[PDB]
Amino acid sequence: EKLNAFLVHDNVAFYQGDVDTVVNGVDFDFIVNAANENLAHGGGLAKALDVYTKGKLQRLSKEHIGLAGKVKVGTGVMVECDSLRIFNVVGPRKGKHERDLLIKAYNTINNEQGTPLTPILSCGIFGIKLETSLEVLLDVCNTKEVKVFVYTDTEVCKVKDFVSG
């Protein structure tokens, strides 16, 4: 792959980039979308993925939602957008049962066949601390190779500090 990982920790490798950068720079089988229950890709990573796919992600998501209804928290829906397979995983919001649902969401990713390229779930609007989510990620995803990406230099620093500090 063209993009070098900034850190490899046993079976987990960490990358920095926007969607263009990681999709074109990293060798993976599917990319994880940090989706909401409506698969309504209105902001953040989900918007950037839809933009990358020229709206195909949102159209196929709409077709799924129209038939199946809302996606359950902790579960995923795979959508194939030309050569890019996008696994839409719904992480929990901050709240009492957040850990159990993060464990479920990360197991969903870990159990889906192939090498994932995944964000750290439930950051940003969902309100869960990066390091809290990352701990669950590393605890669950402890066998097959899993690739993790972040966007900003501050996120990179927090990852390095958590794992290596």
# chains A, B, ... in the order shown; residues from 1 in each chain; ligands from 1

$ residues_around --residues "residue 159 in chain A" --least-positions-apart "6" --cutoff "12 Å" --atoms "only C-alpha atoms" --output "ChimeraX atom specification"
/A:6-9,12-16,119-120,129-135,137-138,148-153,165

$ residues_around --residues "range 86-94 of chain A" --least-positions-apart "5" --cutoff "9 Å" --atoms "only C-alpha atoms" --output "ChimeraX atom specification"
/A:30-37,39,46,49,57,61,71-81,99,101-102,104-106,108-109,112,116,121-123,125-129

$ select_by_dssp --residues "range 41-132 of chain A" --states "helix (DSSP H, G or I)" --output "PyMOL selection string"
chain A and resi 44-52+56-68+98-111+124-126+130-132

$ select_by_dssp --residues "chain A" --states "strand (DSSP E or B)" --output "number ranges by chain"
A: 7-9, 12-16, 30-35, 76-81, 84-90, 116-118, 146-150

$ residues_around --residues "residue 53 in chain A" --least-positions-apart "5" --cutoff "10 Å" --atoms "only C-alpha atoms" --output "list in words"
residues 47, 48, 58, 81, 82, 83 and 84 of chain A

$ closest_residue --among "A:40, A:19, A:26, A:51" --to "residue 64 in chain A" --atoms "only C-alpha atoms"
A:40

$ atom_distance --atom1 "CA of residue 59 in chain A" --atom2 "CA of residue 43 in chain A"
15.7 Å

$ closest_residue --among "A:38, A:24, A:110, A:164" --to "residue 136 in chain A" --atoms "only C-alpha atoms"
A:110

$ atom_distance --atom1 "CA of residue 23 in chain A" --atom2 "CA of residue 52 in chain A"
9.2 Å

$ decode --residues "range 38-53 of chain A" --atoms "N, CA and C atoms" --output "tab-separated table (two decimals), in the first residue's frame"
chain	number	residue	atom	x	y	z
A	38	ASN	N	-30.50	5.72	10.42
A	38	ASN	CA	-31.22	5.99	9.17
A	38	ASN	C	-30.36	5.82	7.91
A	39	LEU	N	-29.10	5.43	8.08
A	39	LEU	CA	-28.12	5.43	6.99
A	39	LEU	C	-28.24	6.74	6.19
A	40	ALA	N	-28.37	7.85	6.93
A	40	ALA	CA	-28.55	9.16	6.32
A	40	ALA	C	-27.20	9.89	6.47
A	41	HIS	N	-26.40	9.87	5.41
A	41	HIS	CA	-24.98	10.23	5.48
A	41	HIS	C	-24.77	11.74	5.36
A	42	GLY	N	-25.24	12.47	6.37
A	42	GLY	CA	-25.38	13.93	6.28
A	42	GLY	C	-24.17	14.74	6.66
A	43	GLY	N	-23.28	14.16	7.45
A	43	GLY	CA	-22.10	14.88	7.91
A	43	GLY	C	-20.88	13.98	8.13
A	44	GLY	N	-19.77	14.63	8.45
A	44	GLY	CA	-18.56	13.91	8.89
A	44	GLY	C	-18.09	12.87	7.89
A	45	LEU	N	-17.58	11.77	8.42
A	45	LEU	CA	-17.03	10.71	7.58
A	45	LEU	C	-18.07	10.18	6.59
A	46	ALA	N	-19.30	9.97	7.06
A	46	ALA	CA	-20.36	9.39	6.24
A	46	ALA	C	-20.63	10.27	5.02
A	47	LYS	N	-20.75	11.59	5.24
A	47	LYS	CA	-20.85	12.52	4.11
A	47	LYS	C	-19.64	12.40	3.13
A	48	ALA	N	-18.43	12.37	3.66
A	48	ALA	CA	-17.23	12.28	2.82
A	48	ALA	C	-17.20	11.00	1.99
A	49	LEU	N	-17.63	9.89	2.59
A	49	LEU	CA	-17.79	8.63	1.84
A	49	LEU	C	-18.85	8.75	0.75
A	50	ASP	N	-19.97	9.39	1.07
A	50	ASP	CA	-20.99	9.51	0.04
A	50	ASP	C	-20.47	10.33	-1.14
A	51	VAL	N	-19.84	11.46	-0.82
A	51	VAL	CA	-19.16	12.30	-1.81
A	51	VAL	C	-18.15	11.50	-2.67
A	52	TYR	N	-17.31	10.70	-2.02
A	52	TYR	CA	-16.37	9.83	-2.73
A	52	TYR	C	-17.07	8.92	-3.73
A	53	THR	N	-18.19	8.32	-3.31
A	53	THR	CA	-18.95	7.41	-4.18
A	53	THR	C	-19.91	8.13	-5.17
